[PDB]
Every structure is written in structure tokens, then in C-alpha cells.
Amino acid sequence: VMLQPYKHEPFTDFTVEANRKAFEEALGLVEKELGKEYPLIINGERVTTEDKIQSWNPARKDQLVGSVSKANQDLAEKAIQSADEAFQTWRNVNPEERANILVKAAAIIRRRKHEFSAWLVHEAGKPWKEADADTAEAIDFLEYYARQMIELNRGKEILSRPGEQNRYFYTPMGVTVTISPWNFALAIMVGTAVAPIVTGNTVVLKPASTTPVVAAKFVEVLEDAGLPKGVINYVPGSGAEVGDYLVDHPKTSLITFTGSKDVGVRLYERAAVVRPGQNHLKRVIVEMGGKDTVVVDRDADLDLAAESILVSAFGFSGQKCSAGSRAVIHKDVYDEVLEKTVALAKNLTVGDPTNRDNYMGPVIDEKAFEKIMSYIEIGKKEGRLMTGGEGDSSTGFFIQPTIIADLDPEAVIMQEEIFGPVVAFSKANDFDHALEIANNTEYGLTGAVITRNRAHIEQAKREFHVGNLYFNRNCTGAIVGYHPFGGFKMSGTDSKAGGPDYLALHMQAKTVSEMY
């Protein structure tokens, strides 16, 4: 009766015969379930609207993954009120029991692992590897934060002088509004919903409208793991009607957001306003974009350099806030790293991600497709096209892995988040110049340095100003409890998810002192 130590959920080895077979079976399972209708969930009740959000396969744009009900202001209000009501009892449920519900939820997802992955394959267009990694990460968030809450329930040791007893401990806050992204349709949605839940807060969840079906699947799991009614509420909808209304509500205590900079800034600015009837300042956790950089030193393993750039730039087709969309390389080694990377990139497979042999799938929708292609046109003018630069939206939203070279560090494609499979190469005079270019964005989320020089490693630890800094590997693929994730500048509030400080952001410290 103690939980066994946290460790990360292993990735599935699809070279084992039985793992592929099992994954293909789960893909068949989901395919037959495609096209289903999903209600809103408010206070445990299923609420269907006739106005709907259609969710489409990005690899097959006329394949309906599902249609979910669409909330409006009035249902957002009911969702808030349900959350507030449930909080009156939820804040007093023993932290051990709250954690147990997360542990039971993890075991349901673990048992149904490939099914959750195949949902991501279909709805988010994730390749096998990325889908598995995502599902593993959601499992981790559950197991990690369950353990963290039990640790935090112990409180913190403070001093008491003779004749008094002083105690410091953490208390639940209230209604949390969780606004989740599509690119980690399961993992981040799970983390940013359960961190508030396990800390005794209640949640109103607005998933991304491009991926709401997997979120409905997850709320079903929460119910099956024994979560009381109204503790989570499932309300997809428009930003103008539901998004803005949830953030502005006087009963919203906490907001947790993951998405783009432009939506984030506006959310952060609106949340700070003390509205009528609002008796508190709202706590805001924002995780916005990155314009991340892989820097390669003159002593680097050049093959490793090219491999780390490739994976950082083209994993999930660059649709990650952590993506190495910039490659800044030492002058003595730039032409050669650039040729090694081009050589890897043009043999990468792009297609339907239900097919295992496809390394990259499509981008999320037509809006993103067009945005990425428009950046590529800008890029082609600003730099030297090396490979890719083509798109075809006729079946799915497919863009080739794209490398553009010789960019000026001030270029549009060196500065702006593209969220597509594009990396821009940039020449650096020496190591000092390389970090100068690396730091020259308005963001500070992830970065990598490839070097065999210890002094250069120590220098970048001080000088490379990103929240997640990696040496001799890719700058993507943070693991819960191993690489706590969040960053600086226009990347957000540096709320290190999957780290030891994360739960306490969701709670209020309390000091009690009895004088004898």
C-alpha cells in the first residue's frame, strides 16, 4: 500500500511481430467506430445540440472521424456552474482518493493503449511512432501527477518556536478552465485537465475543435475510473462564443492554456481583468509557441547533427511547439551538415499514417496547409530551396519535408512560427555567433547543441536562453518526469509541466499556527 516509484511508460517496439498485429487490430477497431456522434458532458449529463463540430481525417479530408456537439455561451455558463457546484465536495475528497482515480484512469488507457493511439492516427494524422509516444505521455501524466499530489499533500516543513505549532500546506482553488491543443490531442489535454483535477480543483474543458473526438474518449475513461459528476465538463465550441466566455467568467479561478502566441497573449491579457462579481485574481498557465534551434558546433558528430535536425524538424511534420525549425551551423561545418541533412530528408516517406512505413503524415487541416505553403513561398525568396517545397491537398493535407538554406537571421522564416515541416539553415561565424543567432527570436522554449566541447556545453547552459536545452540529440520528445517542459519569453509562463513545481501552481498555500 504505497505506489511503486514513477517510471515512464515504454514506447512500443513495432519491430516485434505481435506489436504491429496488435496495432493494426486497433486501427480496424477505430475505423469501424468512425463517424459517431458525441454529446457535450455537463454535470455528468449528455447534452446534444443540433449545431455541430465535424472532425475530419487530415489524411483523408472527406472521411468523418466524428461529429461532436457544439457549446454556446449558455451551455458554457451551465458548465461553469456545474464545475463550481462539484468543487464544494471535490475539494474535500482525500488526496489519496483523487490520485487513485488518476491511477485507475492510466490503467484503462494502458489496457487500451493502441486504441487511443489509433484514434490519434485517424483524427490528428499522427504516424504510428508519434501516436504511441503521445498515448505513453498521457499515461505518464496520470501516473506522475498522481504521485506528485500525494507528495504535495505532506506540505512543507516550517519552523515553530517552543509553545506554538506551525504548519504549511496546500489547498484547492476552484473552477479551472482548460483550453487544450490539437497537436497533442491526447497527452497535453490529459495533463492540463488532470493536474487541476488531482489538486482538488474542478475543470471546464474546451478541447481544440480540430481534435475533439479523442477528448470525448478520454472524458469517458475518467467516468469509468470513478470521477464524480461535474468534476470534468466537456464543452468544445467557438473561441468567440465559448472560449472568451469561459476565461472572462467571475467564477473561473484558474486558466490553463496551450496553443499559439496570438491567442495566448489575448487570453493572458483578458484573464488579468477583475470582472464584476470576481473576488480574486485569476491564475494563468500559458504554454505558447517556440521558434526552436539546433546549433551545431565545429567539433560535432556531423551524422548525429543531421539526424537530430531531421527528427526535430520533421517529426509529426513539424507540428510541435518544440520543433527544430532552425538549424544554425558553424562555418567550418555548414556545407557538409546541410548536405547530410538534405540526403536524409529526401528519402523520408510521406503518406497515410495508417500505413506504418510512412514516417510523416499530413498537416492538420486546409487552413494550416495554406499557411505553411505561404511561408514556403516567402522562404523560397528569402533563401535557397534545397528539397521539398511542394504540397498536395487533393486527398489529404500533404507537404513534403522542406529545407531552405543560407537564411539571414532576420528573415521571416527565421522568426515566425510555421508549425509545418520546414527547417531553415543559417551560417554562424563561430560558437559565440551561433548562440547569438539562436537567442535572436522572441521565443524561448526548446533548443539543442551538438558539440564535443564541455566548455561549450557549459557556456550554452548559461547563455542559450530556452526552457528546455538538449545536448547531442533532437530538441523534441520531452518525457514526463525526465524533461519538464515549458519555456521563456513569448513561449509563456515557464510552467514546467511534468515537473516537480507543476501541481503547486494549481493550489494556494495555507499557514496555520496554534499558540499553546
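All residue numbers refer to positions in the sequence shown, first residue = 1.
Look at the C-alpha B-factors of 425-433 and of 197-205. On average they run higher in 425-433. For the pair 373-381 and 128-136, the record assigns the higher mean C-alpha temperature factor to 373-381.
Sorting 70, 465, 483, 489 by the CA temperature factor given in the entry leaves 70 at the top. Of the candidates 469, 64, 450, 479, the deposited coordinates give 64 the top C-alpha B factor. Residue 57 sits in the middle third of its chain by CA B factor, as recorded in the PDB entry. Compared with the other modelled residues of the chain, the Cα B-factor recorded for residue 236 ranks in the middle third. The entry lists a Cα temperature factor for residue 4 that places it in the highest third of the chain's modelled residues.
Split the chain's modelled residues into thirds by C-alpha temperature factor. Residue 347 is in the highest one.
In the deposited entry, the Cα temperature factor of residue 508 sits in the middle third of values across the chain's modelled residues.
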